[PDB]
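Before any comments, here is the structure.
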Amino acid sequence: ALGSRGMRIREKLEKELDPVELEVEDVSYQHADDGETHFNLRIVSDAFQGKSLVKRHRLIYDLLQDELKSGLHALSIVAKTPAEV
């Protein structure tokens with residue numbers, strides 16, 4: 001399935017957000033093993049309660065910043081609470 005970066009991204013989000021639903025989709029092929037440069041993320045987590053869309057976005061970027069500083073180019077983020085699905 002996922003390459004090494006994809007697996008790290010999934011594990012980091014699982015560890016920090018304990019999401020009820022999590023999808024990590026490598027879409028590097030759309031922009032270019034293709035490099036693991038682009039992922040779509042769909043995360044359903046309690047941790048987003050009370051946070052604006054942009055705050056949720058920035059939270060995820062912060063958690064994954066080490067990837068962004070070493071080959072990860074873009075993340076497309078859908079971040080919802082269980083109450084929102």
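The way I read the labels, and the way they are meant: chains A, B, ... in the order of the structure tokens, residue 1 as the first residue of every chain, and ligand 1 as the first ligand shown, with later ones counted on from there.
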
Step one, run DSSP on the backbone; step two, keep only residues of chain A assigned to helix (DSSP H, G or I); then write them as a PDB file with C-alpha atoms, in the first residue's frame.
ATOM      1  CA  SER A   4       7.554   4.786   3.861  1.00  0.00           C
ATOM      2  CA  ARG A   5       6.431   8.433   4.196  1.00  0.00           C
ATOM      3  CA  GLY A   6       2.747   7.491   3.877  1.00  0.00           C
ATOM      4  CA  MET A   7       3.201   4.974   6.687  1.00  0.00           C
ATOM      5  CA  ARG A   8       4.906   7.578   8.877  1.00  0.00           C
ATOM      6  CA  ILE A   9       2.088  10.071   8.219  1.00  0.00           C
ATOM      7  CA  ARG A  10      -0.553   7.494   9.136  1.00  0.00           C
ATOM      8  CA  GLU A  11       1.286   6.494  12.317  1.00  0.00           C
ATOM      9  CA  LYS A  12       1.816  10.107  13.420  1.00  0.00           C
ATOM     10  CA  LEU A  13      -1.852  10.984  12.979  1.00  0.00           C
ATOM     11  CA  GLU A  14      -2.977   7.785  14.710  1.00  0.00           C
ATOM     12  CA  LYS A  15      -0.631   8.453  17.626  1.00  0.00           C
ATOM     13  CA  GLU A  16      -1.547  12.112  18.107  1.00  0.00           C
ATOM     14  CA  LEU A  17      -5.190  12.308  17.051  1.00  0.00           C
ATOM     15  CA  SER A  28       1.879  11.921  -6.065  1.00  0.00           C
ATOM     16  CA  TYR A  29       1.121  10.337  -9.442  1.00  0.00           C
ATOM     17  CA  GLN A  30      -1.180  13.325 -10.165  1.00  0.00           C
ATOM     18  CA  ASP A  46     -12.368  14.505  18.603  1.00  0.00           C
ATOM     19  CA  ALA A  47      -9.283  16.716  18.619  1.00  0.00           C
ATOM     20  CA  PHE A  48     -10.819  19.087  16.059  1.00  0.00           C
ATOM     21  CA  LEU A  53     -11.208  24.911   9.376  1.00  0.00           C
ATOM     22  CA  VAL A  54      -7.904  26.793   9.077  1.00  0.00           C
ATOM     23  CA  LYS A  55      -6.884  25.911  12.636  1.00  0.00           C
ATOM     24  CA  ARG A  56      -7.456  22.215  11.847  1.00  0.00           C
ATOM     25  CA  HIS A  57      -5.384  22.601   8.691  1.00  0.00           C
ATOM     26  CA  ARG A  58      -2.521  24.254  10.545  1.00  0.00           C
ATOM     27  CA  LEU A  59      -2.661  21.665  13.341  1.00  0.00           C
ATOM     28  CA  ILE A  60      -2.090  18.883  10.825  1.00  0.00           C
ATOM     29  CA  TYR A  61       0.668  20.829   9.077  1.00  0.00           C
ATOM     30  CA  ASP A  62       2.370  21.291  12.458  1.00  0.00           C
ATOM     31  CA  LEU A  63       2.208  17.574  13.251  1.00  0.00           C
ATOM     32  CA  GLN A  65       6.166  19.553   9.543  1.00  0.00           C
ATOM     33  CA  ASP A  66       9.210  17.283   9.480  1.00  0.00           C
ATOM     34  CA  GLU A  67       7.858  15.612   6.332  1.00  0.00           C
ATOM     35  CA  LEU A  68       7.100  18.994   4.776  1.00  0.00           C
ATOM     36  CA  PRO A  82     -17.433  12.746  14.549  1.00  0.00           C
ATOM     37  CA  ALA A  83     -20.412  15.095  15.070  1.00  0.00           C
ATOM     38  CA  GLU A  84     -19.865  16.598  11.613  1.00  0.00           C
TER      39      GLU A  84
END

Output as a ChimeraX atom specification all residues of chain A that backbone DSSP marks as strand (DSSP E or B). /A:21-26,38-44,74-80

With only C-alpha atoms as the basis for distance, which of A:80, A:40, A:32, A:70 is at the shortest distance from residue 52 (chain A)?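 When distances to residue 52 (chain A) are compared using only C-alpha atoms, the smallest one comes from A:80.
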
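CA of residue 49 (chain A) lies 27.7 Å from CA of residue 69 (chain A).
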
Under the rule that only C-alpha atoms are counted, which of A:78, A:38, A:64, A:73 is the nearest residue to residue 23 (chain A)?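 Under the stated criterion, the closest residue is A:78.
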
Here CA of residue 75 (chain A) and CA of residue 33 (chain A) stand apart by 17.5 Å

Distance of CA of residue 85 (chain A) from CA of residue 50 (chain A), expressed in Å to one decimal place: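 That distance, rounded to one decimal, is 15.1 Å.
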
Might you pull out every residue within 8 Å of residue 43 (chain A), with only C-alpha atoms counted and same-chain residues fewer than 2 positions away left off, and present them as a compact mmCIF listing (two decimals) with N, CA, C and O atoms, in the first residue's frame?
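This went into part22.txt:
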# COMPACT_ATOMS: atom_id res chain seq x y z
N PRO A 19 -7.75 9.01 15.61
CA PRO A 19 -8.95 9.30 14.81
C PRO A 19 -9.88 8.09 14.72
O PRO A 19 -9.42 6.95 14.65
N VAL A 20 -11.18 8.34 14.75
CA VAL A 20 -12.13 7.26 14.51
C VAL A 20 -12.10 6.79 13.06
O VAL A 20 -12.33 5.62 12.77
N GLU A 21 -11.82 7.73 12.15
CA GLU A 21 -11.68 7.42 10.74
C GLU A 21 -10.43 8.12 10.24
O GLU A 21 -10.22 9.29 10.55
N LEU A 22 -9.61 7.41 9.49
CA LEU A 22 -8.39 7.99 8.92
C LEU A 22 -8.09 7.42 7.55
O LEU A 22 -8.03 6.19 7.37
N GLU A 23 -7.91 8.30 6.57
CA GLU A 23 -7.47 7.88 5.25
C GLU A 23 -6.27 8.71 4.82
O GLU A 23 -6.30 9.93 4.91
N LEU A 41 -5.54 13.65 2.81
CA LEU A 41 -5.85 13.15 4.15
C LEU A 41 -7.32 13.40 4.49
O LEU A 41 -7.83 14.50 4.28
N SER A 45 -11.68 13.19 13.94
CA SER A 45 -11.12 13.12 15.29
C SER A 45 -11.80 14.09 16.22
O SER A 45 -12.13 15.21 15.81
N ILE A 77 -6.28 18.42 2.89
CA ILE A 77 -6.81 18.01 4.19
C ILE A 77 -8.33 18.15 4.30
O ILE A 77 -8.88 19.19 3.98
N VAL A 78 -8.99 17.07 4.72
CA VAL A 78 -10.38 17.13 5.16
C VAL A 78 -10.33 16.71 6.61
O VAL A 78 -9.85 15.62 6.92
N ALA A 79 -10.76 17.60 7.50
CA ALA A 79 -10.68 17.34 8.93
C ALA A 79 -12.03 17.62 9.56
O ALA A 79 -12.50 18.77 9.57
N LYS A 80 -12.65 16.57 10.09
CA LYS A 80 -13.99 16.68 10.66
C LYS A 80 -14.03 16.09 12.05
O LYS A 80 -13.23 15.23 12.40
